[PDB]
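A.B. asks: Structure incoming, see below.
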Amino acid sequence: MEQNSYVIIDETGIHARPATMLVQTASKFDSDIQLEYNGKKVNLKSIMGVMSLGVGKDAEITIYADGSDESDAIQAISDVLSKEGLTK
């Protein structure tokens with residue numbers, strides 16, 4: 001299983017807007033990607049979780065992936081994350 005950590009830079013804190021794309025692009029692949037935040041792991045396939053993940057700004061989040069696209073899913077995430085600008 002391959003994961004990926006990041007830092008929130010969006011004062012909006014990963015919301016349903018992005019959480020959607022991330023979650024989407026996450027499962028959209030196949031691998032079993034999971035969201036994490038300050039030891040708070042969840043399902044990167046559900047918003048209710050990514051949303052209730054209080055992905056506040058200045059907060060460091062993470063995402064896991066265990067499949068055949070895991071790495072590919074991780075590459076998509078960071079992309080979606082940076083794509084929106086919730087991180088870096």
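Going through the structure tokens in order, the chains are called A, B, and so on, while each chain numbers its residues from 1 and the ligands are numbered from 1 in the order shown.
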Among the residues of chain A, find those DSSP assigns to strand (DSSP E) from the backbone and print them as a PyMOL selection string.

C.D. replies: chain A and resi 2-7+32-37+40-43+60-66

A.B. asks: If you run DSSP on the backbone here, which positions in chain A get alpha helix (DSSP H)? Please write them as a VMD selection string.

C.D. replies: chain A and resid 16 to 29 47 to 51 70 to 84

A.B. asks: Once you count only C-alpha atoms, what closest atom pair and distance in Å to one decimal does each residue of segment 15-44 of chain A within 7 Å of segment 64-70 of chain A have, with rows by chain and rising residue number, as a Markdown table?

C.D. replies:
```
| residue | atom | partner | partner_atom | distance |
| --- | --- | --- | --- | --- |
| A:29 | CA | A:69 | CA | 6.5 |
| A:30 | CA | A:69 | CA | 6.4 |
| A:31 | CA | A:67 | CA | 3.7 |
| A:32 | CA | A:66 | CA | 5.0 |
| A:33 | CA | A:65 | CA | 3.7 |
| A:34 | CA | A:64 | CA | 4.4 |
| A:35 | CA | A:64 | CA | 6.1 |
```

A.B. asks: I need the chosen residues saved as a PDB file, in the first residue's frame, with N, CA and C atoms.

C.D. replies:
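What follows is the written file result02.pdb:
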```pdb
ATOM      1  N   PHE A  29     -10.161   5.301 -10.236  1.00  0.00           N
ATOM      2  CA  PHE A  29      -9.099   4.413 -10.676  1.00  0.00           C
ATOM      3  C   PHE A  29      -9.462   2.950 -10.411  1.00  0.00           C
ATOM      4  N   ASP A  30      -9.252   2.537  -9.169  1.00  0.00           N
ATOM      5  CA  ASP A  30      -9.552   1.172  -8.775  1.00  0.00           C
ATOM      6  C   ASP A  30      -8.975   0.910  -7.381  1.00  0.00           C
ATOM      7  N   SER A  31      -7.661   1.044  -7.286  1.00  0.00           N
ATOM      8  CA  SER A  31      -6.975   0.825  -6.024  1.00  0.00           C
ATOM      9  C   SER A  31      -7.839   1.328  -4.866  1.00  0.00           C
ATOM     10  N   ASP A  32      -7.564   0.792  -3.686  1.00  0.00           N
ATOM     11  CA  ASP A  32      -8.305   1.176  -2.498  1.00  0.00           C
ATOM     12  C   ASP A  32      -7.568   2.316  -1.789  1.00  0.00           C
ATOM     13  N   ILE A  33      -7.837   3.528  -2.251  1.00  0.00           N
ATOM     14  CA  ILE A  33      -7.210   4.704  -1.673  1.00  0.00           C
ATOM     15  C   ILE A  33      -7.976   5.121  -0.416  1.00  0.00           C
ATOM     16  N   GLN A  34      -7.227   5.624   0.554  1.00  0.00           N
ATOM     17  CA  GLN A  34      -7.821   6.062   1.807  1.00  0.00           C
ATOM     18  C   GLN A  34      -7.291   7.446   2.191  1.00  0.00           C
ATOM     19  N   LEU A  35      -8.156   8.219   2.829  1.00  0.00           N
ATOM     20  CA  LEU A  35      -7.790   9.559   3.255  1.00  0.00           C
ATOM     21  C   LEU A  35      -7.323   9.517   4.711  1.00  0.00           C
TER      22      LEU A  35
END
```

A.B. asks: When distances are computed from only C-alpha atoms, which of A:10, A:87, A:60, A:22 shows the smallest separation from residue 37 of chain A?

C.D. replies: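 Smallest separation from residue 37 of chain A among the options: A:60.
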
A.B. asks: Find the spatial neighbours of residue 24 of chain A, counting only C-alpha atoms, within a cut-off of 12 Å - ignore same-chain residues fewer than 5 positions away - and output them as a PyMOL selection string.

C.D. replies: chain A and resi 16-19+29-34+43-47+50+73+76-77+80
